[PDB]
Amino acid sequence: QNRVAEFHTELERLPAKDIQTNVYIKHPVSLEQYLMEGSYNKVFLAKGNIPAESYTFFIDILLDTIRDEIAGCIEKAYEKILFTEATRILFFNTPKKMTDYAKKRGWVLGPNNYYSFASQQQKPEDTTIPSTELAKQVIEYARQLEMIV
Amino acid sequence: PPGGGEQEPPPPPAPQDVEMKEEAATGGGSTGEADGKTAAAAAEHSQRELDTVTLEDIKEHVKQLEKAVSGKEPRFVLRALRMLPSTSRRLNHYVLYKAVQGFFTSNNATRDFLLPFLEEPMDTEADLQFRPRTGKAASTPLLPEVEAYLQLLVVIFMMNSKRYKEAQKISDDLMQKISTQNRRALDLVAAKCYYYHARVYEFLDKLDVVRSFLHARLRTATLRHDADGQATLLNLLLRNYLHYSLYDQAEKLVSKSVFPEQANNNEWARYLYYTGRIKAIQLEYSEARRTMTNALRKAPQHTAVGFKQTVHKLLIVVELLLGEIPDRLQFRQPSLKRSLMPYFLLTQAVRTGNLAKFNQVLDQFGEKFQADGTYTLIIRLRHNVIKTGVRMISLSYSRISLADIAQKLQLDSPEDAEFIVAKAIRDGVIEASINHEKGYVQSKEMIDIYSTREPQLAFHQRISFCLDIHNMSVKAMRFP
Amino acid sequence: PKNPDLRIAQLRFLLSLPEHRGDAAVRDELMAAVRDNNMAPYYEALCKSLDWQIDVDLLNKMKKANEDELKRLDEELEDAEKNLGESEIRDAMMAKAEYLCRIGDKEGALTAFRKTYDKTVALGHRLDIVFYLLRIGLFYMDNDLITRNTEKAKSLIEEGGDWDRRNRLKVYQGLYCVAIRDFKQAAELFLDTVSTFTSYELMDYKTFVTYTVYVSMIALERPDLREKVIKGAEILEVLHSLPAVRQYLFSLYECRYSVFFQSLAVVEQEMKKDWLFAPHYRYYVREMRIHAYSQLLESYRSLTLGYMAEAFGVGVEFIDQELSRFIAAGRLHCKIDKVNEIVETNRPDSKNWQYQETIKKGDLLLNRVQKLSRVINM
Amino acid sequence: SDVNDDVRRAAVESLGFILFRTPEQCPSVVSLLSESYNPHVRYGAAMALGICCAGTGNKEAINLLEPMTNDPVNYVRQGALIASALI
Amino acid sequence: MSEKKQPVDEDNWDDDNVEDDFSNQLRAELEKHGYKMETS
Amino acid sequence: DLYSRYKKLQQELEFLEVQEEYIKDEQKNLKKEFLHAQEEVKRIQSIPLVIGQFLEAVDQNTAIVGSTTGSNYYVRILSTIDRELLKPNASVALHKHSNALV
Amino acid sequence: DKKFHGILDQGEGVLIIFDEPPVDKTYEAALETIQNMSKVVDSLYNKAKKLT
Amino acid sequence: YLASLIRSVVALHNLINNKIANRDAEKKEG
């Protein structure tokens, strides 16, 4: 559920069951370590290794909270990349996911080339326009300089 | 007796006399200040309070035979003090019981007669007028009773003395509160027994009934006025719950009570320590260290006491998680000698790009890391070691490729180097950009900050803060 | 008695701390050991070098019978001849004390010093004793009693002396070199070289020249530095006597960087043969290298390492990693690029740098007036 | 705020006309106004202290009027004698 | 002034800054620093 | 008594608040005469006048000076002039009419 | 040797002549007063330390 | 820097003197 602050503050109750034994707590804390290192591969290679049943509804949300953050990281000042960059940023060899992203968002496949819109800013600042708040700051100085004796 | 018995007559008589006179003129000085001109904010109440914490804890620790502190209970057993002849008769008694105990012996304590020394001085026509006189004479037995550390039918005599003190405390705060207000001393007196009420339980079990009563005092306070009671009562509720290695972090988060407004420069120092621990564990690091600093830099007038050792030990840890680290062993202490070496060995391996020495030091010094009281270093440092390399490179190189930084960071994978920097740009390590065409990683462009509305906004922070320093320092001084 | 005694302090230092250097220092100091009647202060130099040798009882009975002959003299003097202050008793007492400094240990000397110091009413005698305290205090590198007697000398003795203090100008800087004060006090009072005779008050003169040239390149960048080290004359001739040092100066000044490393390598290797080089051999090297890069990266905004690869020295990845350490050290306000191959610097244009200073000092004072504000008002 | 001495006297002489019922407030305000820089504010405070407290042994109004009659200016000595006779 | 919270509590003169900067970077400074010319 | 005191604490509160306003009100307005006084001492001393010489000093705020036209005088000094400046018989400034130290 | 106001490029072989701000005397005189203010706050500090 | 520093330290020096002057009469009234 993307609660990293609640993740660590929970980890106070276990004295020595985190390192010594107990894979059932050792597997999430190794997983958090792998998010902090930067190895997205080691996340999904370890997705096919579960001690108890499959943790399916947990890894489905874990897939869900990764791929949108990856999609949120890429929707930037980039314009176009080929299918192979979305084969490196994302994963599987032609799944329904590229069709899933085509119907929901853009990333429309044309002549073997995607198209990402620019999500940057273009604000033409002048900044002598907030000159009223500056005169407000000058007056409230001499207000506070005077007026109490 | 030839060597040690001859130096038995000199220690009683004059420290019996000169310690008795100082607390008499203060208690007489407090009574006239209680009777007329209750504006006793710059009076002798706090400095007498600063004596009892320091001197009477280092002057004596035992009950002081030859009737020195042990003679205080048979002195104060016959005290009524109601009318002007009745006070003059008791002032006749004050002279007589000192003169007898000074000349001869009167009544001796044999570490077992604690119930006759606490019920009959509480009784014998005692009135509820001289309230600090009664509260002091119950708080002063609590120190040598704990400092004896004999634990032979002693906890119950600690316990009953506390409950009687709390019964005298509630009898003050509810009935006839007309211009007495002893809260300035009663908070610490409550704090001192609660330190003993924690420690005695800490010899055996946990403590939770102490905290349920502490909610109840917090429930019956905090509606009148915040007069540094609520400040210390908030910390006594907070210290145990942080000491419990389970939970109660979220209880402090929702604790909307941060307004003690004054602390005698004593509470706000350690109040800012605890809330720094909680903002650090809630992954809010920037506001943590700046008030961890504000706690450490406040009161350095302390000769190796230990909280100064402990804020300094944590501040360098939260600095390492940020990334910068100044000198720390520059004020070396005989107590720092067992604490300066592991953290300096820690920040050595962190700032360098080494791992096996780092794990060796981590394997060697983990016993201290548990004895200090932080466990999250095991998960929060492996993010630091992998990001120390990319921050140093991004600070150095203006434009490094991915295939070079992959081989420089001993990574052996030219595919995740885009992913590390994408984590570095997202997490706020460095502001860069990846040109995903061949592996161009650029950096900052402009260095002009001067005529671009930077300096005025910091300057508006400087003016508004120091005129507030000015006007507060104006009002704090023209009292006459 | 304390005239050939700085050389002994080197030969003790040269033999003790490096173990590989033990061939000739044992050859010449053993001759110095058996001479000079040095019979107290050699036990460590005998316990840290060799095992033992029998010449010990031979010299012990000679120093004892001499001391007793000196003991029987000044007692007969003070029992027959009654003159106090500074008299025949007095120059007996210092001749005992100088016999204590030359032959014995420091402890008998310093108690004979404080004994004979209270038997002084002149100023030159009091100047002489403090000359003796400071001379032996440098011999045993004591950083305790130098903190006293110098303040005792400048405030209470040196208000009547006149040009007797250039020697104590030179001894202060000599402590500053073995201390960390090798920056601007060290070069400033080394600037006057108007003494060449070598005495109790003045050490070896060529070595004084080499010290005042090595330290006068850190104090000051080029604020007409060349007026004081090149346009000077009396410094110039003795460096004209020394080809290595003169080559080192012109390489730095005229920007001959290729030979500059070779001159710098000779110095640091020679720096090991010294008794006060301890806060130098890890500091003096890197400070010059970061000074050499400072003036070279000046006047080039878009310098490339392809010009550094032959004009400066050789190598490419070595210069790159050394610049990458120095930027990440926190100094050398420049940026390096790899794939455009452009060392593109960012020097502040004297308005940022004024602003960067004023924002630090204001924050440091606002902290200082906050921290003061919280101590006061209860 | 006003500048003519006549209205400045008549304003501070009106203190006794409005506070004669409570004598515990007239020496609170006169004791500072009877030590102004001009005599006129000092003078009208002296008449107000007399007409506020009618015939009560106050010993404070007596204490305030004692430097009032001890003044270089003649008429502020006068009304201090007037106010001392009235109390 | 003790504050009721105490759980538990030479060689150089001042050399942390150089050692925090350079701790172990071959301080002989001759063997690679002077000997690049054989390599290039 | 519990009702009788409560209005009395109101009356003491209300009587206090009109005072503490007024003393803030007066002290704001008292500064104007203090600014007149600074301007007065300023323009009292910047006018054409004669140059005399210090001779002796009696005490605080009174001295003995004489003119360069002879005829030794006896006047007061100003408190602006630093007292650690007239040990010798140094040149001072004298008004035409008040003939005081300027 | 400060006889000339300019900068050079090795990557492009381009001499560039620029100029400097002549004004520096406002901030330089300003920062020295910070040193004077710092010592008096230190001098009030140990005074308030020695006696309250 | 003229207002925030120079006006501030004067008020602090004015705080030191009166609180000393407040506590000296308070310790010596009786």
# chains A, B, ... in the order shown; residues from 1 in each chain; ligands from 1
>>> interface_residues(of="chain G", to="chain C", cutoff="8 Å", atoms="only C-alpha atoms", output="VMD selection string")
chain G and resid 1 6 to 12 20 to 21 24 27 to 28 31 34 38 41 45 48 52
>>> interface_residues(of="chain H", to="chain G", cutoff="8 Å", atoms="only C-alpha atoms", output="ChimeraX atom specification")
/H:5-6,9,13,16,20
>>> select_by_dssp(residues="chain D", states="alpha helix (DSSP H)", output="NGL selection string")
:D and (5-13 or 15-19 or 26-33 or 39-52 or 61-69 or 74-86)
>>> residues_around(residues="residue C:203", least_positions_apart="6", cutoff="12 Å", atoms="only C-alpha atoms", output="JSON, numbers by chain")
{"C": [2, 3, 4, 5, 6, 7, 135, 167, 170, 171, 174, 195, 196, 197, 209, 211]}
>>> write_last_selection(atoms="C-alpha atoms", output="PDB file, in the first residue's frame")
ATOM      1  CA  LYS C   2      73.930  23.351  24.144  1.00  0.00           C
ATOM      2  CA  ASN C   3      75.694  24.473  20.963  1.00  0.00           C
ATOM      3  CA  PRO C   4      75.891  21.146  18.980  1.00  0.00           C
ATOM      4  CA  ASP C   5      72.612  19.933  20.393  1.00  0.00           C
ATOM      5  CA  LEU C   6      70.093  20.369  17.570  1.00  0.00           C
ATOM      6  CA  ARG C   7      72.092  17.927  15.443  1.00  0.00           C
ATOM      7  CA  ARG C 135      66.395  25.910  24.053  1.00  0.00           C
ATOM      8  CA  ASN C 167      66.571  34.935  17.933  1.00  0.00           C
ATOM      9  CA  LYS C 170      63.241  32.563  14.946  1.00  0.00           C
ATOM     10  CA  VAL C 171      62.414  30.140  17.759  1.00  0.00           C
ATOM     11  CA  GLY C 174      60.429  26.971  14.634  1.00  0.00           C
ATOM     12  CA  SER C 195      71.405  36.846  10.501  1.00  0.00           C
ATOM     13  CA  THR C 196      73.872  34.316   9.077  1.00  0.00           C
ATOM     14  CA  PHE C 197      76.311  33.541  11.903  1.00  0.00           C
ATOM     15  CA  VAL C 209      67.084  29.426   4.146  1.00  0.00           C
ATOM     16  CA  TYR C 211      62.785  26.501   5.664  1.00  0.00           C
TER      17      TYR C 211
END
>>> closest_atom_pairs(of="chain C", to="chain E", cutoff="8 Å", atoms="only C-alpha atoms", output="CSV")
residue,atom,partner,partner_atom,distance
C:261,CA,E:34,CA,6.9
C:262,CA,E:34,CA,7.0
C:265,CA,E:30,CA,6.4
C:282,CA,E:27,CA,6.6
C:283,CA,E:18,CA,7.4
C:314,CA,E:37,CA,6.1
C:315,CA,E:40,CA,6.1
C:329,CA,E:21,CA,6.1
>>> interface_residues(of="chain B", to="chain A", cutoff="9 Å", atoms="only C-alpha atoms", output="PyMOL selection string")
chain B and resi 245-247+249-250+281-283+375-376+379-380+382-383+386-387+415-417+419-420+422-423+426+435-437+452-453+460+463-464+467
>>> write_last_selection(atoms="N, CA and C atoms", output="compact mmCIF listing (two decimals), in the first residue's frame")
# COMPACT_ATOMS: atom_id res chain seq x y z
N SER B 245 10.20 -1.04 23.25
CA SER B 245 10.54 -1.45 21.89
C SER B 245 9.38 -2.16 21.22
N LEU B 246 8.19 -1.56 21.27
CA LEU B 246 7.08 -2.06 20.49
C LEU B 246 6.50 -1.02 19.54
N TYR B 247 5.96 0.06 20.12
CA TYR B 247 5.07 0.95 19.38
C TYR B 247 4.95 2.26 20.16
N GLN B 249 4.57 5.20 18.57
CA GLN B 249 5.03 6.30 17.75
C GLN B 249 3.86 7.10 17.21
N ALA B 250 2.81 6.41 16.77
CA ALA B 250 1.66 7.08 16.18
C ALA B 250 0.86 7.83 17.23
N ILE B 281 12.60 8.63 12.87
CA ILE B 281 12.09 7.30 12.58
C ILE B 281 10.92 7.35 11.61
N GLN B 282 10.26 8.50 11.48
CA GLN B 282 9.19 8.68 10.50
C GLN B 282 9.71 9.20 9.17
N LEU B 283 11.03 9.07 8.94
CA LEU B 283 11.69 9.36 7.67
C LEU B 283 11.53 10.82 7.24
N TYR B 375 18.30 0.38 15.72
CA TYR B 375 18.38 -0.85 14.94
C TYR B 375 18.23 -0.61 13.45
N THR B 376 17.70 0.55 13.05
CA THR B 376 17.39 0.84 11.66
C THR B 376 18.62 1.14 10.82
N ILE B 379 19.24 -1.28 7.77
CA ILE B 379 18.54 -1.12 6.50
C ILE B 379 18.81 0.24 5.85
N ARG B 380 19.12 1.27 6.64
CA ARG B 380 19.24 2.62 6.11
C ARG B 380 20.65 2.96 5.64
N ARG B 382 22.67 0.68 3.84
CA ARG B 382 22.97 0.09 2.55
C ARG B 382 22.38 0.92 1.42
N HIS B 383 21.41 1.78 1.71
CA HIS B 383 21.04 2.80 0.74
C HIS B 383 22.10 3.89 0.67
N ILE B 386 25.46 2.79 -1.36
CA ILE B 386 25.29 2.75 -2.81
C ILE B 386 25.01 4.14 -3.39
N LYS B 387 24.51 5.08 -2.58
CA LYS B 387 24.27 6.43 -3.09
C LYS B 387 25.40 7.39 -2.79
N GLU B 415 23.12 -1.95 -17.54
CA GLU B 415 21.69 -1.78 -17.79
C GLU B 415 20.95 -1.06 -16.67
N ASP B 416 21.34 -1.25 -15.42
CA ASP B 416 20.65 -0.61 -14.32
C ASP B 416 21.24 0.74 -13.97
N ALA B 417 22.29 1.18 -14.67
CA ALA B 417 22.88 2.48 -14.38
C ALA B 417 21.92 3.61 -14.72
N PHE B 419 18.81 3.08 -14.19
CA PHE B 419 17.82 2.93 -13.13
C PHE B 419 18.32 3.52 -11.81
N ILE B 420 19.63 3.46 -11.56
CA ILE B 420 20.18 4.03 -10.33
C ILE B 420 20.05 5.55 -10.36
N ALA B 422 17.97 7.29 -12.22
CA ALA B 422 16.55 7.58 -12.16
C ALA B 422 16.03 7.49 -10.73
N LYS B 423 16.60 6.59 -9.92
CA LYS B 423 16.32 6.64 -8.49
C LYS B 423 17.02 7.82 -7.84
N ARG B 426 14.99 10.99 -8.76
CA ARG B 426 13.70 10.96 -8.08
C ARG B 426 13.85 11.21 -6.58
N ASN B 435 19.92 11.55 -21.11
CA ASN B 435 19.56 11.54 -22.52
C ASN B 435 19.62 10.08 -22.94
N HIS B 436 18.46 9.45 -23.03
CA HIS B 436 18.39 8.05 -23.43
C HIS B 436 18.56 7.89 -24.94
N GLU B 437 19.71 8.28 -25.47
CA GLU B 437 20.00 8.04 -26.87
C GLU B 437 21.28 7.22 -27.00
N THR B 452 18.30 36.90 -9.14
CA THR B 452 17.23 36.01 -9.55
C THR B 452 16.34 35.68 -8.36
N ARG B 453 16.13 36.68 -7.50
CA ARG B 453 15.22 36.67 -6.35
C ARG B 453 15.61 35.61 -5.31
N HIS B 460 14.41 38.35 4.24
CA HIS B 460 13.15 38.53 4.94
C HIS B 460 13.04 37.56 6.10
N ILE B 463 15.34 39.51 8.91
CA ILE B 463 14.76 40.68 9.55
C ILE B 463 13.67 40.29 10.53
N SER B 464 12.71 39.48 10.07
CA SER B 464 11.53 39.16 10.88
C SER B 464 11.90 38.33 12.09
N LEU B 467 14.05 40.94 14.72
CA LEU B 467 13.20 41.92 15.40
C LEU B 467 12.32 41.22 16.42
